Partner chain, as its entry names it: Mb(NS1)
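Presented as C-alpha cells, the chain that follows is alone, the form solved without the partner chain.
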C-alpha cells in the first residue's frame, strides 16, 4: 500500500530535542502526550499530494547509552540532525553525528536534514548564517524550528521525506 518512511532523530540531549517529534505527532491543537501509547510515533501524512506513513524513532533521554547509537541509527532511512540554537556545543556535535550516520549506513549520501531548534528564550548563540554555511558544506537542507509554537516542525519532517524521495 502506502510507503512507510523510517526516520531517526539524533542530537545532543538536555536541550529540548524531543519537542520536535512531540509537536509533529501531537494532537497539534491539544498540548498533551502519552509516549507509552503504541504508535505514538507513527503518523499518516500527505506530502506533495502523496500519502505516506512516518515512523519516527526519537530515543531522547538515552544519550548516555552511546554504544547503542549505531544500532538505533541503522534502523533509519533518513535522519534529522538536531541542535539547539542556544547551545554551541550541540551545534559542534553535528559533524560527528553526521560522520557516524555515514559509517553506520555505509554511504556518503544518506538523506538527512540539519535542524536548529529554539527550545527556550535564552539568548541564541548559533546564528542562522553559521548553520546555513554548515548545511551547505554538507549538501543538506537547514530548517529552524520552535519548540513552543510548532513553527518549522512540519517543514523539517517533510523536507527530509523529500530528500528520501529524491535520493
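Basically, rigid core = biggest C-alpha set you can superpose within 1.5 Å across the two forms. Positions refer to the first chain, counted from 1. Residues that one form lacks are left out of the comparison.
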Quick test of your reading: does residue 138 have no coordinates in a third or more of the other entries compared?
no
Quick one: across the other PDB entries of this protein we compared, is residue 46 left without coordinates in at least a third of them?
no
Between 5 to 13 and 19 to 27, the record assigns the higher mean Cα B factor to 19 to 27
Higher-B stretch (mean Cα B-factor, as the entry records it), 66 to 74 or 105 to 113:
105 to 113
Have a look at 127, 133, 34, 58 and flag the one whose Cα has the highest B-factor in the entry.
34
Compare the C-alpha B factor of residue 142 with those of the other modelled residues in its chain, then answer lowest, middle or highest third.
lowest
Here the Cα B-factor of residue 98, set against its chain, lands in the third termed middle
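Omitted here: the form deposited with the partner chain bound. The next part is about that form.
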Given that the partner chain is not shown alongside this chain, does residue 119 nevertheless sit within 4.5 Å of it in the entry with it bound, heavy atom to heavy atom?
yes
Using the partner position in the entry with it bound, report whether residue 110 sits within 4.5 Å of the partner chain, counting heavy atoms only.
no
With the two forms superposed on the core, which of 28, 103, 136, 42 shows a CA shift of 2 angstroms or more between this form and the one not shown?
28
Examine residue 119 after superposing the rigid core and state whether its CA is displaced by 2 Å or more between this form and the one not shown.
yes
When you overlay the rigid core, is the Cα of residue 16 off by 2 Å or more between this form and the one not shown?
yes
Using the core for the fit, does the CA position of residue 55 change by 2 Å or more between this form and the one not shown?
no
Looking in the entry with it bound, decide if the C-alpha atoms of residue 22 and residue 33 are closer or farther than in the form shown; they differ by 3 Å or more.
farther
Which is it in the entry with it bound for the CA atoms of residue 24 and residue 34, closer or farther than here, knowing they shift by 3 Å or more?
farther
Large-shift segments between this form and the one not shown, meaning 3+ residue runs whose Cα move 2 Å or more when the rigid core is superposed:
14 to 17, 27 to 40, 61 to 69, 119 to 123
